[PDB]
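Participant: One structure, as structure tokens, below. Some questions next.
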Amino acid sequence: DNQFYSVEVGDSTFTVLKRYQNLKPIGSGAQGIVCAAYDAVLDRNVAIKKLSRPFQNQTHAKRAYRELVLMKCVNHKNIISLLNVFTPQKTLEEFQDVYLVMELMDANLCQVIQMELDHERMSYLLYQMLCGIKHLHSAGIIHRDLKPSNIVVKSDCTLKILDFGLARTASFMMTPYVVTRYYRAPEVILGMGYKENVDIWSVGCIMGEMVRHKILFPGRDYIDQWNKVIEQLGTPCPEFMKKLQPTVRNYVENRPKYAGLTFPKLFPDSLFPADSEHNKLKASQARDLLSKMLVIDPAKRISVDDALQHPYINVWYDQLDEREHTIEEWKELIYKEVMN
Ligand SMILES: CC(C)NC(=O)N[C@H]1CC[C@H](Nc2ncc3ccc(=O)n(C4CCCC4)c3n2)CC1
């Protein structure tokens with residue numbers, strides 16, 4: 001009779017359509033819990049994400065609403081695709097949970113970073129990240145929080161980005177969970193305003209970490225993080241700092257100065273495959289792209305288009321809503337998106 005059934009998966013209770021069999025947990029971010037499952041109707045494996053009471057506050061609601069709207073209308077091979085969406089609840093009054101069904105991938109980028117990776121696979125992963133970012137920028141979406149945990153890959157080295165980043169507004173939370181700030185651009189760190197190549201910084205951080213196998217710019221807060229940035233890349237020029245609001249100008253200009261490191265010193269020959277002439281050249285090219293992505297001043301940083309054109313990468317070449325609402329308003333907005 002009923003077209004749903006329920007099973008326990010850790011703390012949570014997954015109540016899912018009967019087509020979805022043999023649920024297995026595979027991770028848990030901020031918005032919810034995620035299971036792998038077999039889709040008996042499609043004869044394929046899927047990932048199912050549970051959003052619990054997403055309308056419970058502004059922060060969750062805006063994120064859920066945005067993700068649902070964007071995942072449905074954005075169509076690209078390097079952006080995770082929405083296969084199905086449902087709630088087991090029958091009315092707006094009873095409505096609680098939303099379940100998103102997506103293609104099932106094999107790993108996080110975190111896991112891939114830890115591996116020794118050849119240039120063929122590093123450049124291919126980067127290419128795909130850039131193509132995806134490009135797509136988002138063309139659709140009016142500047143991500144600003146690209147990070148390895150929200151990028152997934154398959155064994156065949158296919159790459160998809162999982163989320164659409166920050167809201168243009170931006171907040172307060174209760175759930176004890178730490179946000180990963182390590183990949184954010186200087187302009188996000190310092191609060192400057194940004195353009196599309198804000199996301200290049202993040203790709204630079206990811207690329208660099210693939211080579212060094214350590215997070216480039218860690219720290220408890222933006223204070224420590226900014227210190228790690230300037231210790232490595234050196235203090236930026238005056239031209240840059242003229243672009244900063246008065247109070248953040250004063251902070252940045254009064255921190256201990258550093259000359260920084262050359263990119264050969266930041267990413268030495270040691271870290272690269274460089275045994276054949278092929279690899280010698282690809283290493284050279286790799287460090288050159290890195291040097292162009294990890295630059296503090298966005299005015300001097302490489303664009304997405306110039307990056308896709310770069311020799312390391314080009315071998316692979318081939319409505320609006322952002323407003324405030326109460327709980328009950330959000331709950332209905334999300335419910336009707338779910339019952340399209
Ligand atoms: C032990 C070893 C075999 N694997 C492991 O440790 N982690 C894998 C296990 C399989 C995971 N696949 C996958 N596919 C689609 C999605 C879609 C949305 C989403 O939010 N996620 C989360 C990101 C990572 C956590 C879940 C998705 N995850 C990747 C991570």
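Order determines the names: the first chain of the structure tokens is A, the second B, and so forth; residues in each chain are numbered 1 upward, and ligands are numbered 1 upward as they are shown.
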Mind listing the residues within 6 Å of ligand 1, only C-alpha atoms and all ligand atoms counted, as a PyMOL selection string?
Facilitator: chain A and resi 26-28+34+47+102-108+162
Participant: Those residues with N, CA, C and O atoms, as a tab-separated table (two decimals), in the first residue's frame please?
Facilitator:
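Result written to result-v7.tsv:
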chain	number	residue	atom	x	y	z
A	26	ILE	N	27.53	6.90	4.10
A	26	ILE	CA	28.79	7.16	3.41
A	26	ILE	C	29.36	8.54	3.74
A	26	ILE	O	30.35	8.96	3.16
A	27	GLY	N	28.73	9.25	4.66
A	27	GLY	CA	29.25	10.52	5.11
A	27	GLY	C	28.17	11.35	5.76
A	27	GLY	O	27.01	10.95	5.80
A	28	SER	N	28.57	12.52	6.26
A	28	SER	CA	27.65	13.43	6.91
A	28	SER	C	28.27	14.82	7.02
A	28	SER	O	29.19	15.04	7.82
A	34	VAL	N	24.17	11.34	4.61
A	34	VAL	CA	24.14	10.81	3.24
A	34	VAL	C	24.36	9.29	3.19
A	34	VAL	O	25.31	8.79	3.79
A	47	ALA	N	23.17	8.22	-4.48
A	47	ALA	CA	23.41	8.84	-3.18
A	47	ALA	C	22.13	9.53	-2.75
A	47	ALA	O	21.52	10.25	-3.54
A	102	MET	N	20.90	11.74	-5.80
A	102	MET	CA	21.96	12.11	-6.74
A	102	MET	C	22.74	10.92	-7.24
A	102	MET	O	22.75	9.85	-6.63
A	103	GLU	N	23.49	11.12	-8.32
A	103	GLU	CA	24.37	10.09	-8.83
A	103	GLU	C	25.37	9.75	-7.75
A	103	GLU	O	25.80	10.63	-7.01
A	104	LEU	N	25.72	8.47	-7.64
A	104	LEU	CA	26.65	8.02	-6.61
A	104	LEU	C	28.11	8.04	-7.08
A	104	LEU	O	28.49	7.41	-8.06
A	105	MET	N	28.94	8.75	-6.35
A	105	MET	CA	30.35	8.87	-6.69
A	105	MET	C	31.18	8.05	-5.72
A	105	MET	O	30.68	7.59	-4.69
A	106	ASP	N	32.45	7.87	-6.04
A	106	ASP	CA	33.31	6.95	-5.32
A	106	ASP	C	34.08	7.61	-4.18
A	106	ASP	O	34.37	6.97	-3.17
A	107	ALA	N	34.45	8.88	-4.35
A	107	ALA	CA	35.25	9.55	-3.35
A	107	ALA	C	35.10	11.06	-3.34
A	107	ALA	O	34.62	11.63	-4.32
A	108	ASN	N	35.45	11.64	-2.19
A	108	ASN	CA	35.78	13.06	-1.97
A	108	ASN	C	37.09	13.43	-2.64
A	108	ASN	O	37.96	12.59	-2.72
A	162	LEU	N	29.76	19.57	-5.78
A	162	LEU	CA	28.54	19.18	-5.04
A	162	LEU	C	27.56	20.31	-4.67
A	162	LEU	O	26.38	20.03	-4.52
Participant: Considering only C-alpha atoms, give me a table of residues in range 98-163 of chain A that are at most 9 Å from range 309-322 of chain A, with the closest atom pair and distance in Å for each, as JSON lines.
Facilitator:
{"residue": "A:119", "atom": "CA", "partner": "A:312", "partner_atom": "CA", "distance": 8.6}
{"residue": "A:123", "atom": "CA", "partner": "A:313", "partner_atom": "CA", "distance": 5.5}
{"residue": "A:124", "atom": "CA", "partner": "A:316", "partner_atom": "CA", "distance": 6.9}
{"residue": "A:126", "atom": "CA", "partner": "A:313", "partner_atom": "CA", "distance": 7.3}
{"residue": "A:127", "atom": "CA", "partner": "A:313", "partner_atom": "CA", "distance": 5.7}
{"residue": "A:128", "atom": "CA", "partner": "A:316", "partner_atom": "CA", "distance": 9.0}
Participant: Using only N, CA and C atoms, please write the residues we just selected to a file, as an mmCIF file, in the first residue's frame.
Facilitator:
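File again-v7.cif, as written:
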data_model
loop_
_atom_site.group_PDB
_atom_site.id
_atom_site.type_symbol
_atom_site.label_atom_id
_atom_site.label_comp_id
_atom_site.auth_asym_id
_atom_site.auth_seq_id
_atom_site.Cartn_x
_atom_site.Cartn_y
_atom_site.Cartn_z
ATOM 1 N N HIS A 119 50.512 13.668 -13.635
ATOM 2 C CA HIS A 119 50.123 14.905 -14.284
ATOM 3 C C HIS A 119 48.906 14.731 -15.144
ATOM 4 N N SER A 123 46.047 17.238 -14.116
ATOM 5 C CA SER A 123 45.563 18.234 -15.083
ATOM 6 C C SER A 123 44.096 17.973 -15.460
ATOM 7 N N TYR A 124 43.660 16.714 -15.450
ATOM 8 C CA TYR A 124 42.293 16.369 -15.890
ATOM 9 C C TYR A 124 41.286 16.784 -14.813
ATOM 10 N N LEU A 126 41.762 19.189 -12.616
ATOM 11 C CA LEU A 126 41.778 20.643 -12.655
ATOM 12 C C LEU A 126 40.965 21.152 -13.813
ATOM 13 N N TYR A 127 41.135 20.532 -14.968
ATOM 14 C CA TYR A 127 40.401 20.940 -16.156
ATOM 15 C C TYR A 127 38.910 20.924 -15.868
ATOM 16 N N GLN A 128 38.468 19.761 -15.398
ATOM 17 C CA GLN A 128 37.081 19.551 -15.005
ATOM 18 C C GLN A 128 36.596 20.514 -13.929
#
Participant: For residue 272 in chain A, which of A:7, A:210, A:237, A:40 is the closest residue, counting only C-alpha atoms?
Facilitator: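 Once distances to residue 272 in chain A are computed over only C-alpha atoms, the minimum belongs to A:210.
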Participant: Could you check which of A:225, A:274, A:214, A:304 is closest to residue 136 in chain A, using only C-alpha atoms?
Facilitator: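 Selected residue with least distance to residue 136 in chain A: A:304.
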Participant: Interatomic distance between CA of residue 202 in chain A and CA of residue 186 in chain A?
Facilitator: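 Here the two named atoms are 10.0 Å from each other.
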Participant: DSSP on the backbone, then: every residue of range 143-330 of chain A marked helix (DSSP H, G or I), written as a count of residues only.
Facilitator: 85
